[PDB]
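S.K.: Sequence first, structure after; it's an experimental one.
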Amino acid sequence: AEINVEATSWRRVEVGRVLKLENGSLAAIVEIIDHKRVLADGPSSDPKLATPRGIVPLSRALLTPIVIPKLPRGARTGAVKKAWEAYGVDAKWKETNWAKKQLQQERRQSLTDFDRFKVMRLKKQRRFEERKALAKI
Amino acid sequence: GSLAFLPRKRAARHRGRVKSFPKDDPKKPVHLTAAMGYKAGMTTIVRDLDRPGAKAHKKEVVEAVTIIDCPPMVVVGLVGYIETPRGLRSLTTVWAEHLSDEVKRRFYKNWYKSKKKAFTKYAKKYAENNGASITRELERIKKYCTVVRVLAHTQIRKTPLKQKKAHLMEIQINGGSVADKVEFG
Amino acid sequence: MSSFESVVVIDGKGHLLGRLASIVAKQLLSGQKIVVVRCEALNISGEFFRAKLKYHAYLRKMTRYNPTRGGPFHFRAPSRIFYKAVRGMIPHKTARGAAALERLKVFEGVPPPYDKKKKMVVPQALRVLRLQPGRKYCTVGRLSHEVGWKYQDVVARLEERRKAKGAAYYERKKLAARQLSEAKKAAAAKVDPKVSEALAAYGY
Amino acid sequence: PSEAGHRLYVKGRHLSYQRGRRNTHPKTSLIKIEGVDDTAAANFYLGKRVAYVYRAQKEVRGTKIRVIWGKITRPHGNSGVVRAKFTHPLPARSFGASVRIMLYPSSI
RNA sequence: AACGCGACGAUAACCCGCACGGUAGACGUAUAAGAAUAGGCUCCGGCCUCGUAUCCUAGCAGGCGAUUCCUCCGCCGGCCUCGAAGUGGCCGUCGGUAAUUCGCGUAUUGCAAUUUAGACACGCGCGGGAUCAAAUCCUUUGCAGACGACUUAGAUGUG
RNA sequence: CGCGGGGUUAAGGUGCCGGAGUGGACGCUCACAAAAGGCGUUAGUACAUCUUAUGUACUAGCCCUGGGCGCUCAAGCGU
């Protein structure tokens, strides 16, 4: 009576699932409209992560592993903000690897030409300790 | 006349290409696939028939046969064939020492005007130790080819004919892995 | 994102025929050299038998074809089925059109120049990105094999050999991935950590 | 030794002239700048100098290199293609040939 | 396929004169798993929207001498490897070699007017004196022959 | 409707040939002729059972029968 099934465990869409829009802002689903549209809201204190309450097309969105546990359905902006601060969505999103890639990307894009000359010089110094280590092993 | 043979055209080659070989499987023993002979003549045979269902059982069929002379076949060369999306192709061919006289006059056209230096720097390559190339060439046959045909000729010097020019064809070795049929070759 | 390459090699597996042909023909006219490998692994949408009528329909509307250049010749290999697609998308009666086809170079399987090189993919012509999941599709290899292509088992066996060589390539790349990651961890203790934070504050 | 490049230009390709179905006007040319994909990126390259460099198989100044100079006038389409006007129109057989887009005049 | 192709055998030189140094488009023209997309990878810790990545990248178009480093690159040999339309690895010789820290010269090319720098085919291509190797022709032959056409055999020999 | 430079358009178009979107939203489809045959799919209407989800007939789509290349979560149709 042993069953070994290796299938794909996708992420549910549900009330409480927070999702990522393309502008870098998060929103918590509070009621599902159709198979293609849900209505969501992000009450984050961060100006970069805030999202107005409204319809989010799921094609434009991306499902994140974070989920609010017992978010009531159709909860108004105050009630989602209460669950937002209690569960700490912003802290969990910063730990999420998707945000580190975003923060790496933004810091890379803000590099000026003179700070680009550091990195060319600076990776060269780091690379030199890499090669005597690589030649050792 | 049959449409499968018309339009009628002369054979562009006197010997005639075999055009088809039996299919090869490794499980059989190593053996060759063809030989050349010389049409000497034809005679009469009486035979004790033992064919079931035949009213001529245990009786004397009179039949006509042909006598095809077959001189011992001197083996001179080996060829290996590699498989390509544009069909089969020659990857390489290899020969031996001491190539006999009548096989060069096939390689030539005017024996008497020309002088005898066919296969000279090839035999010099065999004697002056480029053996790594023959080690390269024989192993190249082992590793890559999938069809190996041997190169051998008949000898006029044994058979009663007024010619002296030899006759070359390629004869396959089937029945084995690619490793076995080259060491035999 | 609109980068100019010397030659770009397109893997043909899982790519739709005419969408790959339309993208390739625009790059050839723009001045890009194209090499297509695995033309036997291309895909044509719809069931196999729908591909059979349009093969029979093309031979219908042409009285007295040339046996060597056209007619059923074009369907007798997968490489030249694709070449027939790109040629109808390019002004072949102009010298600009002839020049664009000389930039193209199509193959069945992966020849030895191009198995050591990098094979890219075209997202806008991928079958699994453009076709609905329930829709049925055919392979151009089995289209040409049922027309008269003779080397389907040939290109198969050379490809299963190429996988075996590729298996040894990863096993060498595995060991390089161990040593590179180990050397990164090993030299990080003596990496002068005034400068390690400098790279982290710059994105590297 | 440096072992570095010396390129100070963006690479481009001469696509075609300004044309309809069948009426081509040679006095304006179409350039695909490498890296530009929207009309927004094309707005950076407007009024930048553009050179077409080729070889002629005769030395007139000790060199077989000849240059035709021009400028990027306006964006074209939605895909970042730009319109270029040169002192003389580009040949015709340069359709799909390299074009050097300089970074001057600069407003950065 | 006489206007497709592969392998192999045998294969043209010195002297004198004299004319010039292409390519539908190099400028870092760097990057090899396979396979699936109702899954997959792995260092077995974990990881995958994102190639928005990785390598390389400073100096007279990149000098000289140091301090200083045994890192990187290149050429020849050896050992192996690569054949679907052939190539890379390792070792050794030699040459160069900002990971770090300096002292020397660049100008008046006078505020832009070509950044005259790669790869391949042979250096482009020619006229008179100068040498092998074959074939065509010749004689002959008959398994071939309407005529052409085809095939033997002629130079030392089982002629 | 004179000869030129620049800008904007109409009718038509923006997958390639071909300048311009493999653009965005929502559905449907896999190729003569009649109240015609569909145990193909979707959309709507009218009747009947039910702790005492269904099953019968229609209406509307649109399909099976009655320029090249190529396309099918379209490069087809409607807005």
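M.R.: Arrived safely. Residues are numbered from 1 along each chain as shown, chains lettered A, B, ... in the order given.

S.K.: quick check: longest helix of chain C.
M.R.: When chain C is parsed with DSSP state H, its longest helix is helix C:152-187.

S.K.: anything in it near chain A?
M.R.: Yes - applying CB under 8 Å from any CB of the partner chain, one finds helix C:152-187 touching chain A at C:179, C:180, C:182, C:183, C:184, C:186, C:187. Every C-beta, even on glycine, is put in place using the N, C-alpha and C of the backbone.

S.K.: Counting by contacts, list what that helix packs against.
M.R.: Judged by 3 or more CB pairs under 8 Å, 6 or more residues apart in numbering or on different chains; DSSP states H and E, helix C:152-187 is in contact with helix A:113-136, strand B:74-84, helix C:140-145.

S.K.: could you give the angle of it to helix A:113-136?
M.R.: Interaxial angle of helix C:152-187 relative to helix A:113-136 (axes from the mean of the first three to the mean of the last three CA atoms, to 10 degrees): 100 degrees.

S.K.: in helix C:152-187, what counts as buried?
M.R.: Using 16 or more other CB atoms under 10 Å in any protein chain shown as the test for burial, helix C:152-187 gives C:152, C:154, C:155, C:158, C:159, C:183, C:186, C:187.

S.K.: any idea which element the most far-flung residue of chain C relative to its centre lies in?
M.R.: Ranked by distance from the centre of chain C (CA atoms, centre = their mean), the top residue is residue C:194, with 47.4 Å. Assigned by DSSP states H and E, residue C:194 belongs to helix C:193-200.

S.K.: okay, the angle between that helix and helix A:113-136?
M.R.: Here helix C:193-200 runs at an angle of 120 degrees relative to helix A:113-136 (the same axes, to 10 degrees).

S.K.: Show the backbone phi and psi for the residue sitting furthest away from the middle of chain B.
M.R.: Distance from the C-alpha centroid of chain B peaks at residue B:55, with 41.0 Å (CA atoms, centre = their mean). Note on residue B:55: backbone dihedrals following degrees, to the nearest 10 are phi -70, psi -10.

S.K.: what about residue C:34, neighbour count?
M.R.: 21 (other CB atoms under 10 Å in any protein chain shown).

S.K.: Check the buried residues of helix C:152-187 one by one and keep those near RNA strand E.
M.R.: Counting by CB under 7 Å from any atom of the strand, C:155, C:158, C:159 from these sit close to RNA strand E.

S.K.: ok, those vs residue B:148, which is closest?
M.R.: Residue B:148 lies nearest to residue C:158 out of these, by CB to CB, at 18.9 Å.

S.K.: I'd say the closest one and residue C:109 touch.
M.R.: Yes - the criterion here is CB atoms under 8 Å, and residue C:158 meets it with residue C:109 at 5.8 Å.

S.K.: Quick check: neighbours shared by the two?
M.R.: Common neighbours of residue C:158 and residue C:109, counting by CB atoms under 8 Å, 6 or more residues apart in numbering or on different chains, are residue B:85.

S.K.: which residue ranges form the strands in chain D?
M.R.: With DSSP state E as the criterion, chain D has strands at D:10-19, D:24-33, D:49-55, D:65-76, D:81-86, D:98-101.

S.K.: now those strands in CSV, with mean neighbour count?
M.R.: Formatted as CSV, the strands of chain D follow (neighbours: other CB atoms under 10 Å in any protein chain shown):
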stretch, mean neighbour count
strand D:10-19, 19
strand D:24-33, 18
strand D:49-55, 17
strand D:65-76, 16
strand D:81-86, 20
strand D:98-101, 20
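
S.K.: which residue sits closest to residue A:92, ignoring its sequence neighbours?
M.R.: Among residues not flanking residue A:92 along the chain, residue A:66 sits closest, at 5.1 Å (CB to CB, 6 or more residues apart in numbering or on different chains).

S.K.: so which strand or helix has the one you found?
M.R.: strand A:62-67.

S.K.: ok, then the element right after that strand?
M.R.: Assigned by DSSP H and E, the successor of strand A:62-67 is helix A:77-87.

S.K.: what packs against that following helix?
M.R.: Helices and strands touching helix A:77-87, by 3+ CB pairs under 8 Å, 6+ apart, are strand A:26-32, strand A:37-42.

S.K.: do you know which of the ones you listed lies nearest chain C?
M.R.: Closest to chain C of these, according to CB to the nearest CB: strand A:37-42, at 20.7 Å.

S.K.: Show me what the closest one is in contact with.
M.R.: Taking CB under 8 Å, 6+ apart as the rule, strand A:37-42 contacts A:13, A:18-19, A:25-33, A:49-58, A:77, A:80, A:84.

S.K.: quick one on the thing from earlier: can I get the helices and strands packed on helix C:152-187 in CSV including distance to residue B:153 and mean neighbour count?
M.R.: Formatted as CSV, the helices and strands packed on helix C:152-187 follow (distance: least, CB to CB, whole Å; neighbours: other CB atoms under 10 Å in any protein chain shown):
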stretch, distance to residue B:153, mean neighbour count
helix A:113-136, 60, 13
strand B:74-84, 6, 18
helix C:140-145, 41, 21
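
S.K.: Compare those and report which one is nearest to chain D.
M.R.: Evaluated over the helices and strands packed on helix C:152-187, closeness to chain D peaks at helix A:113-136, with 9.9 Å, by CB to the nearest CB.

S.K.: Now do the closest one: which elements does it pack against?
M.R.: helix C:152-187, helix C:193-200.

S.K.: Switch the ones you listed over to TSV, and while doing so, append distance to residue A:121 to every line.
M.R.: Putting those into TSV (distance: least, CB to CB, whole Å) gives the following:
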stretch	distance to residue A:121
helix C:152-187	17
helix C:193-200	10
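
S.K.: after the lengthiest helix in chain B, next one along is what?
M.R.: Taking DSSP H as the criterion, chain B has its longest helix at helix B:131-144. Next helix or strand after helix B:131-144 toward the C-terminus (DSSP H and E): strand B:147-154.

S.K.: Extract the CA atoms of that following strand and return them as PDB.
M.R.: The C-alpha coordinates for strand B:147-154 follow below in PDB (Å, rounded to 0.1, in the frame of the first residue of the first chain):
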ATOM      1  CA  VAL B 147      30.600  -1.600 -43.200                       C
ATOM      2  CA  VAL B 148      33.900  -3.200 -44.200                       C
ATOM      3  CA  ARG B 149      34.600  -4.600 -47.600                       C
ATOM      4  CA  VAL B 150      37.800  -6.400 -48.500                       C
ATOM      5  CA  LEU B 151      39.700  -5.500 -51.800                       C
ATOM      6  CA  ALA B 152      40.900  -8.500 -53.700                       C
ATOM      7  CA  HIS B 153      41.700  -9.500 -57.300                       C
ATOM      8  CA  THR B 154      41.900 -12.500 -59.600                       C
END
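
S.K.: Within its sheet, name the partner strands of that strand and how each one runs.
M.R.: strand B:74-84 (antiparallel), strand B:167-174 (antiparallel) (DSSP bridges).

S.K.: Now tabulate those in CSV and tack on distance to residue D:37.
M.R.: Shown next, in CSV, are the strands paired with strand B:147-154 (distance: least, CB to CB, whole Å):
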stretch, distance to residue D:37
strand B:74-84, 42
strand B:167-174, 60
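
S.K.: follow-up on the earlier one: hmm, the helix holding residue C:194 touching RNA strand E?
M.R.: No - Helix C:193-200 does not reach RNA strand E (CB under 7 Å from any atom of the strand); its nearest approach is 9.7 Å.

S.K.: That helix packs against which elements?
M.R.: So helix C:193-200, by 3+ CB pairs under 8 Å, 6+ apart, packs with helix A:113-136.

S.K.: Report the distance from the helix it packs on to the chain centre.
M.R.: Put simply, helix A:113-136 sits 31 Å off its chain's centre (CA atoms, centre = their mean, to the nearest Å).

S.K.: Pick out the residue of chain C closest to RNA strand E.
M.R.: At 2.4 Å from RNA strand E, residue C:109 is the closest residue in chain C, using CB to the nearest atom of the strand.

S.K.: contacting residues for the closest residue to that residue other than its chain neighbours?
M.R.: Nearest residue to residue C:109 in three dimensions, chain neighbours excluded: residue C:155, at 4.5 Å (CB to CB, 6+ apart). Residues in contact with residue C:155 (CB under 8 Å, 6+ apart) are B:85, C:40, C:108, C:109.
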